[PDB]
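Let me begin by presenting the structure, written as C-alpha cells, before commenting on it.
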Amino acid sequence: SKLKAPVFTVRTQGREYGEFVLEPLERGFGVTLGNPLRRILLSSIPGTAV
Amino acid sequence: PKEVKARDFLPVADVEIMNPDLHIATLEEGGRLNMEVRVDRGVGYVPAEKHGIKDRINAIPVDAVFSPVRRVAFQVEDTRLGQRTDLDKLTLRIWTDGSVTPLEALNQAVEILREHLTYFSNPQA
Amino acid sequence: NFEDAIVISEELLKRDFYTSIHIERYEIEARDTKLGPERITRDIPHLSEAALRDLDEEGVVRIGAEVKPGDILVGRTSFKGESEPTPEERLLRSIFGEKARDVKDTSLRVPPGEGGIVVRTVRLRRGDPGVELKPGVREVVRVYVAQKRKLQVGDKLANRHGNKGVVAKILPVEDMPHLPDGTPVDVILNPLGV
Amino acid sequence: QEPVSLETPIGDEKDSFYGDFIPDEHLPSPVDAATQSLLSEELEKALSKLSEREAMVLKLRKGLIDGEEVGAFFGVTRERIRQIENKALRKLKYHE
Amino acid sequence: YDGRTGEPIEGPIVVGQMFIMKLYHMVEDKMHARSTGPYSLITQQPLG
Amino acid sequence: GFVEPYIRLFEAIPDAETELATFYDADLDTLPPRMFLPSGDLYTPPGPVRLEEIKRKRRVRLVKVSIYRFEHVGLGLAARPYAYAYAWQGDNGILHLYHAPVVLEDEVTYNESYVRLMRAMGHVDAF
Amino acid sequence: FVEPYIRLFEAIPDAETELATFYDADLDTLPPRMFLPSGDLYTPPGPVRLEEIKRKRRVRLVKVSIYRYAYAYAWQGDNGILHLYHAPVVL
Amino acid sequence: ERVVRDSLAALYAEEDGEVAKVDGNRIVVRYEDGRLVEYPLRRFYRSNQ
C-alpha cells in the first residue's frame, strides 16, 4: 500500500493547459482528491480582471 | 443457566471491552460454552473469504468490519460574520463505537488527507 | 443502474444482509465388477500426501474441511479394466502374493463449479440394515457441502411488484447517496423502470 | 448381462444418445503386447525348468480350459497333487 | 447529497424502506469458461 | 528418535467408525506392494520389502519399511538390506512414504525367472 | 551431517496459518530454552547465534552456534524454543 | 402470518403452558393438562433446490 506511493506524472503544454495524472490510489480516493481540488481551483485561486 | 454477555470474557491486560452488555449467547442448564475469539487490528472491510484466518483447524474465520465509524455528517450553514453574509460555518458530526474517539479519528483522517496531498510532490514524464 | 441493473451499498455485506446458505450434495457408489470389487478407502495410489490430508482413515473427507474444486471427497479404488485374464494371470495370482494385482483410482472430486465445507456424511454399507441398494451396488456414500453466499455482483434481486434486476455495482458506503444526517441509502433503483 | 446398444435415450428421455455422455481416455492402451510378450515367455521358461508333470497339471487345469483338485490328478492321490503342486511352486519361486 | 462530491442533488428525491429479495439465480450456477478438455466418443464435440 | 514425528503424522490421520482391516504383511517372500513418495510419484524398489508395524488404526497403519536389493550369488539372487523408510499402509496394501528412503551406508537364493516376473509386473528396478 | 535433519524437519505438520516471527537469538541477547531430543533441558556455556536454513509458517530449522565453542541443529517454534535434534557436537 | 402457519414452516405450542428447555436442537414445554413435550428441530436441512 505504501510502496504503491503514487506516480505523479504530467503532460504540460504551454501555460494554458495541463494534464496531471496520479495513480495508483486506494479505492475511491480519486474522487476524494479530485473533487475538492477542483472546488479550490475554480474559486479560491488568486488573480485579476476588469 | 446463564445469558452470556460480552463482559463474560476473561479480562486481558491492555484491552477494554467497550461492549460489555452485548448478548453473546444464551445457555440453559448443563449448557456448555467455551471458546477463543481472535480480535485483530486492521483497516476497512475484509470478509472471512479473503483473509482466511485460523489459529487452529477447527476455527472459523469471520468477516472483519474494522472502521469504528458509525456515521459521518457534515453541516454547512450560513454564518453572516462581520462584513459578508455568504460565509460557510462547517460543523461535521462524528459517531464512534468508542474504540477510538471522534476527535482521534478526525485527526487521523486529516493526516491521511494531507499525506495524500504530499503525493503531488515530484512530477515526471 | 442502466436497463434494469441495480446498485448496492457495500454496507449490506458487512451487516450480513443479502447472504444465504446453500447446501449441495455429492454422492458416489462402490459398484461391484467383472474385474473385481471396488472399495472405498484412503490409500488411493498415485496421490500426493498433500491431497490426502483431509480424508479420514476410510477415505471419506472429514467433517468441517474446506474443499476446493478438484479436491477429493471420497476415495474409491477400482481394479484395472479389460477384465480378469484367466489363462496367464490366474496362475500369477497363485505364484505371487495373491491379491497382488493392480488398482486404479476412481474417486469423488469436487466438480468445477465448487463446494464449500463438508457438513455431513452418510454411509449405506453392506449388511444393509434397512436399505434397498441397486444390483451390483456394494455401498453408497453421500457428502453434504455448504457455502455462505453473500450478494456478489451478477446476482438477482426483485421486489414484490415485479422489479427484476441484477446487482451490477457494489459501491463502498463512502461515495453513495446519503441523507442530510450521515445515513446512507442501501440500494439505488432506476426510475426508468417504472 | 450383454453389451447394451450405443443409442438409447438417457436421463430425461428427450434426445440424448448414450454416446453423447461418454468421454475419451487413452488411445495406446499399452502394457498389452509387450507385457504378454515378456509374460508368456518367462512363464514358459520356468514352466519348462521344473518337471513337466507338476507344471503342466495346473498349467492347463488353470489355464487352457477350466478352473479342480478332486479331478486334478490324471490318477494319483489328492494328497500327492496337493503336495507336489505346493512344493513345485515353492522351488519354482525361490531356487535354493 | 452525493456521497462523492458532498454537493446536493439538484432536485429532491424519493427514498424509503423497500422490501426486496434475493432470488434463486445466484452466480454460482452460472459462470463457466472452457479452454480444452474431454470430448464425446461418437461425436467429437466436447464435454466436461 | 527419528520414529516419533512420523508417529505424530500418523495419528493425525482422522478416524472413522469402521471394522478392522487385515493388512498385507509383505516380506522377502512376497511382492513388494506399490510404493509412493510423498509427491505421489511411484517408487520402484530394487527388491522385496519387510514391514515393521508401529501403530495401527482400523483401516490404515504405520510401518517401518525395510527395502531389500537383490544380489547375485549362486543360481540366482539373495535379498540384502539396502534401505529403509517410514510409511503408512492402507487396506489395499499400498505403501505411502513419509519421505524419500534412507540409503544404508556400508543363506537363501531366489530364481532368475522369479525376478524376471517381478521386472515385468513392475515392482522391481532392473540392473 | 545436515540432510537427515532436512528430512526430520520436513516431517513436521505443515499448519497453514500466518507466518510466525521467530526470535533470532544472538550474542546480544539471552539464550532461549534449549531441549535435547529427550525433552531434557540443555543449558549452554554462553549465548548462541542462529543460521536459518528452512522455514514453514510456524516453525523453522536452524544451526545453533554456541560460544563461551560448539554447534547443534534444531527446530524453532514461534516460542523461539530451540528443540535440538541432537546433543551439541563439541568443536 | 397465516402462510407461515398453514405451510408447516414453523412450530407452534399446542396448548397454554410454559417452556422447560430450549436447545438449538429441540424445545421442551410443560402443558396445562400435565403433559410435557419434546419438539426436536430440523437443525440444518437441505431442500430439493
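Following the order of the C-alpha cells, first chain is A, next is B, and so on, with residues numbered from 1 inside each chain and ligands from 1 in the order they appear.
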Write out as JSON lines the residues of range 26-61 of chain F that have any atom within 8 Å of an atom of range 90-113 of chain C, one row each with the nearest atom pair and its distance in Å to one decimal, counting only C-alpha atoms, sorted by chain and then rising number.
```
{"residue": "F:30", "atom": "CA", "partner": "C:97", "partner_atom": "CA", "distance": 5.1}
{"residue": "F:31", "atom": "CA", "partner": "C:97", "partner_atom": "CA", "distance": 5.8}
{"residue": "F:33", "atom": "CA", "partner": "C:100", "partner_atom": "CA", "distance": 7.2}
```
For the structure I just gave you, how does DSSP split chain A - specifically, which residues are strand (DSSP E or B)? Reply as a PyMOL selection string. chain A and resi 7-13+17-23
Range 35-42 of chain D: which residues within 12 Å, counting only C-alpha atoms, same-chain residues fewer than 5 positions away excluded, as a list in words? residues 85, 87, 88, 89, 91 and 92 of chain C; 29, 30, 47, 48, 49, 59 and 63 of chain D; 111, 112, 113, 114, 115, 116, 117, 118, 119, 120, 121 and 122 of chain F
Residue selection dump (N, CA and C atoms) as a tab-separated table (two decimals), in the first residue's frame:
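The resulting part-v7.tsv:
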```tsv
chain	number	residue	atom	x	y	z
C	85	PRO	N	-7.85	-61.83	-16.75
C	85	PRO	CA	-7.25	-62.66	-17.80
C	85	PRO	C	-6.84	-64.04	-17.28
C	87	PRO	N	-6.01	-67.09	-18.41
C	87	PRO	CA	-5.01	-68.08	-18.84
C	87	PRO	C	-3.64	-67.90	-18.20
C	88	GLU	N	-3.13	-66.68	-18.17
C	88	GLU	CA	-1.79	-66.46	-17.67
C	88	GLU	C	-1.90	-65.88	-16.27
C	89	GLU	N	-2.79	-64.92	-16.08
C	89	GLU	CA	-2.77	-64.18	-14.82
C	89	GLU	C	-3.30	-65.04	-13.68
C	91	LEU	N	-2.79	-67.90	-12.88
C	91	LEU	CA	-1.64	-68.59	-12.32
C	91	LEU	C	-0.82	-67.65	-11.47
C	92	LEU	N	-0.51	-66.48	-12.03
C	92	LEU	CA	0.18	-65.40	-11.34
C	92	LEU	C	-0.38	-65.09	-9.95
D	29	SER	N	-3.62	-47.76	-25.18
D	29	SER	CA	-3.98	-48.92	-24.35
D	29	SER	C	-2.79	-49.86	-24.16
D	30	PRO	N	-1.64	-49.31	-23.71
D	30	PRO	CA	-0.35	-50.01	-23.72
D	30	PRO	C	-0.28	-51.09	-22.65
D	47	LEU	N	8.22	-72.65	-16.45
D	47	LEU	CA	7.31	-73.76	-16.72
D	47	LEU	C	8.10	-75.00	-17.11
D	48	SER	N	9.08	-74.78	-17.97
D	48	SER	CA	9.91	-75.84	-18.51
D	48	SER	C	10.98	-76.26	-17.51
D	49	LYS	N	11.43	-75.33	-16.68
D	49	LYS	CA	12.55	-75.65	-15.78
D	49	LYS	C	12.22	-76.60	-14.61
D	59	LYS	N	-1.05	-75.91	-15.07
D	59	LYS	CA	-0.84	-75.09	-16.25
D	59	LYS	C	-2.11	-75.11	-17.08
D	63	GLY	N	-5.26	-72.93	-16.80
D	63	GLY	CA	-5.02	-72.08	-17.95
D	63	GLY	C	-4.91	-72.81	-19.27
F	111	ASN	N	15.07	-67.45	-7.66
F	111	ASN	CA	15.16	-67.72	-9.08
F	111	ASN	C	15.41	-66.50	-9.95
F	112	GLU	N	16.05	-66.73	-11.09
F	112	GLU	CA	16.24	-65.70	-12.09
F	112	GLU	C	14.88	-65.31	-12.64
F	113	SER	N	14.06	-66.32	-12.93
F	113	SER	CA	12.74	-66.13	-13.53
F	113	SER	C	11.73	-65.45	-12.59
F	114	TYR	N	11.84	-65.75	-11.30
F	114	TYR	CA	11.07	-65.07	-10.26
F	114	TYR	C	11.20	-63.55	-10.38
F	115	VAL	N	12.45	-63.10	-10.43
F	115	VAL	CA	12.76	-61.69	-10.52
F	115	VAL	C	12.46	-61.17	-11.92
F	116	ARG	N	12.56	-62.04	-12.92
F	116	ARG	CA	12.10	-61.69	-14.26
F	116	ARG	C	10.66	-61.20	-14.14
F	117	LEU	N	9.85	-62.03	-13.50
F	117	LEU	CA	8.41	-61.80	-13.41
F	117	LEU	C	8.15	-60.50	-12.67
F	118	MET	N	8.91	-60.27	-11.60
F	118	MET	CA	8.76	-59.01	-10.90
F	118	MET	C	9.17	-57.80	-11.76
F	119	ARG	N	10.23	-57.95	-12.54
F	119	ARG	CA	10.62	-56.93	-13.51
F	119	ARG	C	9.43	-56.59	-14.40
F	120	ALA	N	8.76	-57.64	-14.89
F	120	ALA	CA	7.65	-57.48	-15.82
F	120	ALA	C	6.48	-56.74	-15.20
F	121	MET	N	5.97	-57.26	-14.08
F	121	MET	CA	4.83	-56.61	-13.42
F	121	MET	C	5.22	-55.34	-12.65
F	122	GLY	N	6.52	-55.04	-12.59
F	122	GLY	CA	6.97	-53.67	-12.37
F	122	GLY	C	7.21	-53.24	-10.93
```
Quick one: distance from CA of residue 25 in chain G to CA of residue 4 in chain G in Å, one decimal?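 Interatomic distance, CA of residue 25 in chain G to CA of residue 4 in chain G: 23.9 Å.
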List the neighbours of residue 83 in chain F out to 12 Å using only C-alpha atoms; skip same-chain residues closer than 2 positions along the sequence, and give me the result as a PyMOL selection string. chain F and resi 45-50+64-69+79-81+85-86+100-106
Show me a table, sorted first by chain and then by increasing residue number, of the residues of chain C having an atom at most 9 Å from chain B, each with its shortest atom pair and the distance in Å to one decimal, counting only C-alpha atoms and written as JSON lines.
```
{"residue": "C:13", "atom": "CA", "partner": "B:47", "partner_atom": "CA", "distance": 8.8}
{"residue": "C:14", "atom": "CA", "partner": "B:65", "partner_atom": "CA", "distance": 6.3}
{"residue": "C:15", "atom": "CA", "partner": "B:65", "partner_atom": "CA", "distance": 8.8}
{"residue": "C:16", "atom": "CA", "partner": "B:63", "partner_atom": "CA", "distance": 9.0}
{"residue": "C:64", "atom": "CA", "partner": "B:58", "partner_atom": "CA", "distance": 7.6}
{"residue": "C:65", "atom": "CA", "partner": "B:57", "partner_atom": "CA", "distance": 8.6}
{"residue": "C:179", "atom": "CA", "partner": "B:73", "partner_atom": "CA", "distance": 8.9}
{"residue": "C:180", "atom": "CA", "partner": "B:73", "partner_atom": "CA", "distance": 7.1}
{"residue": "C:181", "atom": "CA", "partner": "B:73", "partner_atom": "CA", "distance": 5.4}
{"residue": "C:182", "atom": "CA", "partner": "B:73", "partner_atom": "CA", "distance": 4.2}
{"residue": "C:183", "atom": "CA", "partner": "B:71", "partner_atom": "CA", "distance": 6.5}
{"residue": "C:184", "atom": "CA", "partner": "B:71", "partner_atom": "CA", "distance": 8.6}
```
Go ahead and save the picked residues with N, CA and C atoms, as a short mmCIF file (atom, residue, chain, number, x, y, z; two decimals), in the first residue's frame.
```
data_model
loop_
_atom_site.label_atom_id
_atom_site.label_comp_id
_atom_site.auth_asym_id
_atom_site.auth_seq_id
_atom_site.Cartn_x
_atom_site.Cartn_y
_atom_site.Cartn_z
N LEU C 13 -23.25 -6.08 3.07
CA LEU C 13 -22.43 -7.25 3.19
C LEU C 13 -21.78 -7.28 4.55
N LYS C 14 -21.41 -6.11 5.06
CA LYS C 14 -20.76 -6.04 6.36
C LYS C 14 -21.74 -6.49 7.44
N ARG C 15 -22.99 -6.06 7.31
CA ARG C 15 -24.05 -6.46 8.22
C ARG C 15 -24.76 -7.62 7.58
N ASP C 16 -24.03 -8.70 7.28
CA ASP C 16 -24.56 -9.88 6.56
C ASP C 16 -26.07 -9.77 6.29
N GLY C 64 -16.14 -30.62 8.25
CA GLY C 64 -15.67 -29.28 8.55
C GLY C 64 -14.32 -28.99 7.94
N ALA C 65 -14.07 -29.59 6.78
CA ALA C 65 -12.89 -29.26 5.99
C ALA C 65 -13.29 -28.49 4.75
N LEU C 179 -28.58 10.76 3.20
CA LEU C 179 -29.45 11.81 3.74
C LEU C 179 -28.63 12.95 4.39
N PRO C 180 -29.30 14.04 4.83
CA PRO C 180 -28.58 15.14 5.49
C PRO C 180 -27.74 14.63 6.66
N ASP C 181 -28.43 14.01 7.61
CA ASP C 181 -27.77 13.27 8.67
C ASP C 181 -27.06 12.11 7.99
N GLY C 182 -25.83 11.83 8.38
CA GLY C 182 -24.94 10.97 7.62
C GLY C 182 -25.35 9.56 7.21
N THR C 183 -26.66 9.31 7.18
CA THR C 183 -27.20 7.97 6.95
C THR C 183 -27.29 7.72 5.45
N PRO C 184 -26.59 6.69 4.96
CA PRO C 184 -26.65 6.44 3.52
C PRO C 184 -27.76 5.46 3.15
#
```
Please build the interface table for chain D against chain F with a cut-off of 6 Å, listing for each qualifying residue the nearest atom pair and the distance in Å to one decimal; count only C-alpha atoms, order rows by chain and increasing number, and write it as CSV.
```
residue,atom,partner,partner_atom,distance
D:93,CA,F:114,CA,5.6
D:94,CA,F:110,CA,4.0
D:95,CA,F:110,CA,5.1
D:96,CA,F:109,CA,5.1
```
N, CA, C and O atoms of the current selection, written as a short mmCIF file (atom, residue, chain, number, x, y, z; two decimals), in the first residue's frame:
```cif
data_model
loop_
_atom_site.label_atom_id
_atom_site.label_comp_id
_atom_site.auth_asym_id
_atom_site.auth_seq_id
_atom_site.Cartn_x
_atom_site.Cartn_y
_atom_site.Cartn_z
N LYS D 93 9.53 -70.63 -7.21
CA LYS D 93 9.63 -69.23 -6.82
C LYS D 93 11.09 -68.99 -6.44
O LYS D 93 11.77 -68.17 -7.06
N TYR D 94 11.59 -69.72 -5.45
CA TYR D 94 12.88 -69.39 -4.88
C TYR D 94 13.72 -70.66 -4.97
O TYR D 94 13.47 -71.64 -4.27
N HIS D 95 14.66 -70.68 -5.91
CA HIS D 95 15.53 -71.83 -6.04
C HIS D 95 16.63 -71.75 -5.00
O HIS D 95 17.30 -70.73 -4.89
N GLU D 96 16.83 -72.83 -4.25
CA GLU D 96 17.99 -72.93 -3.38
C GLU D 96 19.14 -73.64 -4.10
O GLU D 96 19.61 -73.19 -5.15
#
```
Listing only residues of chain E within 12 Å of chain H, what is the closest atom pair and its distance in Å (to one decimal) for each, using only C-alpha atoms, sorted by chain and residue number ascending, as a tab-separated table?
```
residue	atom	partner	partner_atom	distance
E:24	CA	H:49	CA	8.7
E:25	CA	H:49	CA	11.2
E:29	CA	H:49	CA	11.5
```
Output N, CA and C atoms for every residue in that selection, as a PDB file, in the first residue's frame.
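Output (again_18.pdb):
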```pdb
ATOM      1  N   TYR E  24     -33.355 -17.216  -6.358  1.00  0.00           N
ATOM      2  CA  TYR E  24     -32.611 -18.433  -6.653  1.00  0.00           C
ATOM      3  C   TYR E  24     -31.497 -18.301  -7.697  1.00  0.00           C
ATOM      4  N   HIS E  25     -31.487 -17.219  -8.463  1.00  0.00           N
ATOM      5  CA  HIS E  25     -30.490 -17.098  -9.525  1.00  0.00           C
ATOM      6  C   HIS E  25     -29.154 -16.438  -9.177  1.00  0.00           C
ATOM      7  N   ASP E  29     -24.301 -21.152 -10.091  1.00  0.00           N
ATOM      8  CA  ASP E  29     -24.906 -21.992 -11.118  1.00  0.00           C
ATOM      9  C   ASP E  29     -24.637 -21.470 -12.544  1.00  0.00           C
TER      10      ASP E  29
END
```
List the spatial neighbours of range 174-177 of chain C as a list in words - criterion: any atom at most 6 Å away, only C-alpha atoms, same-chain residues fewer than 3 positions off excluded. residues 184 of chain C; 1, 2, 3 and 4 of chain E
Could you please tell me, as an mmCIF file with N, CA and C atoms, in the first residue's frame, which residues of chain E have an atom within 10 Å of chain C when using only C-alpha atoms?
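Writing done, so here's part28.cif:
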```
data_model
loop_
_atom_site.group_PDB
_atom_site.id
_atom_site.type_symbol
_atom_site.label_atom_id
_atom_site.label_comp_id
_atom_site.auth_asym_id
_atom_site.auth_seq_id
_atom_site.Cartn_x
_atom_site.Cartn_y
_atom_site.Cartn_z
ATOM 1 N N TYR E 1 -27.671 14.032 -0.703
ATOM 2 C CA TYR E 1 -26.364 14.567 -1.023
ATOM 3 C C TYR E 1 -25.619 13.496 -1.804
ATOM 4 N N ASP E 2 -24.791 13.892 -2.769
ATOM 5 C CA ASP E 2 -23.948 12.906 -3.418
ATOM 6 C C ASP E 2 -22.931 12.485 -2.387
ATOM 7 N N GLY E 3 -22.510 11.232 -2.438
ATOM 8 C CA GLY E 3 -21.551 10.754 -1.465
ATOM 9 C C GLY E 3 -20.204 11.362 -1.777
ATOM 10 N N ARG E 4 -19.909 11.452 -3.067
ATOM 11 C CA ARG E 4 -18.539 11.624 -3.536
ATOM 12 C C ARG E 4 -18.163 13.097 -3.685
ATOM 13 N N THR E 5 -19.164 13.953 -3.868
ATOM 14 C CA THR E 5 -18.922 15.384 -4.022
ATOM 15 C C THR E 5 -19.346 16.158 -2.781
ATOM 16 N N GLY E 6 -20.378 15.668 -2.105
ATOM 17 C CA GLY E 6 -20.975 16.374 -0.986
ATOM 18 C C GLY E 6 -21.898 17.490 -1.424
ATOM 19 N N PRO E 8 -25.347 18.759 -3.246
ATOM 20 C CA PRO E 8 -26.641 18.090 -3.163
ATOM 21 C C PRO E 8 -27.119 17.723 -4.548
ATOM 22 N N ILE E 9 -28.220 16.998 -4.625
ATOM 23 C CA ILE E 9 -28.697 16.543 -5.910
ATOM 24 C C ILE E 9 -29.793 17.501 -6.332
ATOM 25 N N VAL E 15 -37.166 8.488 -1.300
ATOM 26 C CA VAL E 15 -36.424 7.411 -0.677
ATOM 27 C C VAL E 15 -37.360 6.801 0.340
ATOM 28 N N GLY E 16 -36.977 5.640 0.861
ATOM 29 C CA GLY E 16 -37.827 4.941 1.808
ATOM 30 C C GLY E 16 -37.429 3.493 1.999
ATOM 31 N N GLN E 17 -38.219 2.757 2.767
ATOM 32 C CA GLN E 17 -37.894 1.367 3.014
ATOM 33 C C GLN E 17 -38.620 0.516 1.992
ATOM 34 N N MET E 18 -37.867 -0.329 1.302
ATOM 35 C CA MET E 18 -38.445 -1.232 0.321
ATOM 36 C C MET E 18 -38.084 -2.661 0.648
ATOM 37 N N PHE E 19 -39.096 -3.515 0.609
ATOM 38 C CA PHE E 19 -38.894 -4.949 0.696
ATOM 39 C C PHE E 19 -38.477 -5.557 -0.634
ATOM 40 N N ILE E 20 -37.316 -6.203 -0.629
ATOM 41 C CA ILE E 20 -36.660 -6.638 -1.855
ATOM 42 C C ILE E 20 -36.007 -7.953 -1.519
ATOM 43 N N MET E 21 -35.973 -8.874 -2.476
ATOM 44 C CA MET E 21 -35.493 -10.199 -2.129
ATOM 45 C C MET E 21 -34.448 -10.732 -3.090
ATOM 46 N N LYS E 22 -33.768 -11.777 -2.616
ATOM 47 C CA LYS E 22 -32.648 -12.417 -3.286
ATOM 48 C C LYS E 22 -33.150 -13.691 -3.929
ATOM 49 N N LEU E 23 -33.081 -13.763 -5.252
ATOM 50 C CA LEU E 23 -33.724 -14.880 -5.928
ATOM 51 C C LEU E 23 -32.773 -16.053 -6.097
ATOM 52 N N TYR E 24 -33.355 -17.216 -6.358
ATOM 53 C CA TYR E 24 -32.611 -18.433 -6.653
ATOM 54 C C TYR E 24 -31.497 -18.301 -7.697
ATOM 55 N N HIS E 25 -31.487 -17.219 -8.463
ATOM 56 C CA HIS E 25 -30.490 -17.098 -9.525
ATOM 57 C C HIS E 25 -29.154 -16.438 -9.177
ATOM 58 N N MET E 26 -28.399 -17.033 -8.257
ATOM 59 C CA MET E 26 -27.085 -16.500 -7.888
ATOM 60 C C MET E 26 -26.089 -16.810 -9.011
ATOM 61 N N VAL E 27 -24.826 -16.437 -8.842
ATOM 62 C CA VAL E 27 -23.890 -16.521 -9.962
ATOM 63 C C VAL E 27 -22.952 -17.712 -9.839
ATOM 64 N N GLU E 28 -23.345 -18.690 -9.042
ATOM 65 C CA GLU E 28 -22.564 -19.911 -8.961
ATOM 66 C C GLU E 28 -23.007 -20.852 -10.064
ATOM 67 N N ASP E 29 -24.301 -21.152 -10.091
ATOM 68 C CA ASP E 29 -24.906 -21.992 -11.118
ATOM 69 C C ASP E 29 -24.637 -21.470 -12.544
ATOM 70 N N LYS E 30 -23.922 -20.351 -12.669
ATOM 71 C CA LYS E 30 -23.999 -19.547 -13.888
ATOM 72 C C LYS E 30 -22.723 -19.286 -14.692
ATOM 73 N N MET E 31 -21.554 -19.217 -14.061
ATOM 74 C CA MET E 31 -20.391 -18.798 -14.843
ATOM 75 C C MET E 31 -19.390 -19.914 -15.144
ATOM 76 N N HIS E 32 -19.305 -20.228 -16.431
ATOM 77 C CA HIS E 32 -18.454 -21.294 -16.933
ATOM 78 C C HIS E 32 -17.476 -20.682 -17.924
ATOM 79 N N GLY E 48 -17.413 -32.199 -20.203
ATOM 80 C CA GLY E 48 -16.561 -31.963 -19.057
ATOM 81 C C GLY E 48 -16.705 -33.007 -17.971
#
```
At a cut-off of 10 Å, list the chain B residues touching chain H, using only C-alpha atoms, as a PyMOL selection string. chain B and resi 26-29+31
Pick out the residues sitting within 10 Å of residue 14 in chain H, and hand them over as a ChimeraX atom specification; count only C-alpha atoms, and ignore anything fewer than 5 positions along from it in its own chain. /H:29,31,37
Any idea what's packed within 9 Å of residue 32 in chain H, counting only C-alpha atoms, ignoring anything in its chain fewer than 5 positions away? Could you give it as a PyMOL selection string? chain H and resi 15-18
Based on the selection just made, write N, CA, C and O atoms of those residues as a short mmCIF file (atom, residue, chain, number, x, y, z; two decimals), in the first residue's frame.
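File written: result-v9.cif
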```cif
data_model
loop_
_atom_site.label_atom_id
_atom_site.label_comp_id
_atom_site.auth_asym_id
_atom_site.auth_seq_id
_atom_site.Cartn_x
_atom_site.Cartn_y
_atom_site.Cartn_z
N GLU H 15 -50.91 -26.08 23.39
CA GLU H 15 -51.76 -25.63 24.48
C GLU H 15 -51.10 -24.47 25.19
O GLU H 15 -49.94 -24.16 24.92
N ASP H 16 -51.82 -23.83 26.10
CA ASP H 16 -51.14 -22.93 27.01
C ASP H 16 -50.19 -23.77 27.83
O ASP H 16 -50.36 -24.99 27.93
N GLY H 17 -49.20 -23.13 28.44
CA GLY H 17 -48.18 -23.87 29.16
C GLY H 17 -47.01 -23.01 29.56
O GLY H 17 -47.15 -21.82 29.83
N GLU H 18 -45.84 -23.64 29.61
CA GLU H 18 -44.62 -22.96 29.97
C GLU H 18 -43.49 -23.67 29.22
O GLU H 18 -43.68 -24.77 28.72
#
```
For the contact check between chain F and chain G, emit one row per residue of chain F within 10 Å, containing the shortest atom pair and the distance in Å rounded to one decimal, counting only C-alpha atoms, chain then rising number order, as a Markdown table.
```
| residue | atom | partner | partner_atom | distance |
| --- | --- | --- | --- | --- |
| F:1 | CA | G:37 | CA | 7.2 |
| F:2 | CA | G:8 | CA | 7.0 |
| F:3 | CA | G:8 | CA | 9.4 |
| F:4 | CA | G:8 | CA | 9.8 |
| F:5 | CA | G:11 | CA | 6.3 |
| F:6 | CA | G:11 | CA | 6.8 |
| F:8 | CA | G:13 | CA | 8.4 |
| F:9 | CA | G:13 | CA | 7.0 |
| F:12 | CA | G:13 | CA | 9.0 |
| F:98 | CA | G:11 | CA | 7.4 |
| F:99 | CA | G:7 | CA | 7.2 |
| F:100 | CA | G:7 | CA | 8.5 |
| F:102 | CA | G:4 | CA | 8.7 |
```
Can I get the selected residues back with C-alpha atoms, as a PDB file, in the first residue's frame?
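Writing done, so here's part_1.pdb:
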```pdb
ATOM      1  CA  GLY F   1      14.342 -40.884  17.907  1.00  0.00           C
ATOM      2  CA  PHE F   2      13.629 -40.404  14.194  1.00  0.00           C
ATOM      3  CA  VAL F   3      10.433 -42.517  14.598  1.00  0.00           C
ATOM      4  CA  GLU F   4       8.312 -40.054  16.577  1.00  0.00           C
ATOM      5  CA  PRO F   5       7.461 -37.195  14.239  1.00  0.00           C
ATOM      6  CA  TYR F   6       6.220 -39.905  11.864  1.00  0.00           C
ATOM      7  CA  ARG F   8       2.837 -37.753  15.107  1.00  0.00           C
ATOM      8  CA  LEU F   9       1.938 -37.560  11.442  1.00  0.00           C
ATOM      9  CA  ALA F  12      -3.023 -37.007  12.996  1.00  0.00           C
ATOM     10  CA  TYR F  98       6.567 -40.164   4.676  1.00  0.00           C
ATOM     11  CA  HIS F  99       9.865 -39.402   2.896  1.00  0.00           C
ATOM     12  CA  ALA F 100      12.430 -40.463   0.313  1.00  0.00           C
ATOM     13  CA  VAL F 102      17.277 -43.683   3.623  1.00  0.00           C
TER      14      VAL F 102
END
```
Expected answer as a PyMOL selection string: helix (DSSP H, G or I) residues in range 43-118 of chain F: chain F and resi 112-118
Within 8 Å of chain H, which residues of chain C are there when counting only C-alpha atoms? Please give them as a list in words.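 Therefore, the residues near the partner are residues 22, 23 and 24 of chain C.
Here CA of residue 36 in chain G stands at a distance of 13.0 Å from CA of residue 71 in chain G.
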Using only C-alpha atoms, find which residues of chain A lie within 7 Å of chain B and jot them down as a PyMOL selection string. chain A and resi 6+8-10
Residues from the last selection, N, CA, C and O atoms, saved as a tab-separated table (two decimals), in the first residue's frame:
```tsv
chain	number	residue	atom	x	y	z
A	6	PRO	N	2.19	6.79	-5.08
A	6	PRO	CA	1.76	7.02	-6.46
A	6	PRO	C	2.77	7.76	-7.32
A	6	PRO	O	3.74	8.33	-6.82
A	8	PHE	N	3.20	10.74	-9.70
A	8	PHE	CA	2.66	11.99	-10.19
A	8	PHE	C	3.34	12.33	-11.51
A	8	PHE	O	4.51	12.72	-11.55
A	9	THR	N	2.60	12.14	-12.60
A	9	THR	CA	3.16	12.32	-13.94
A	9	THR	C	2.38	13.43	-14.61
A	9	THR	O	1.21	13.64	-14.31
A	10	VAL	N	3.02	14.10	-15.56
A	10	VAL	CA	2.45	15.32	-16.11
A	10	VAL	C	2.71	15.52	-17.60
A	10	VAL	O	3.79	15.20	-18.10
```
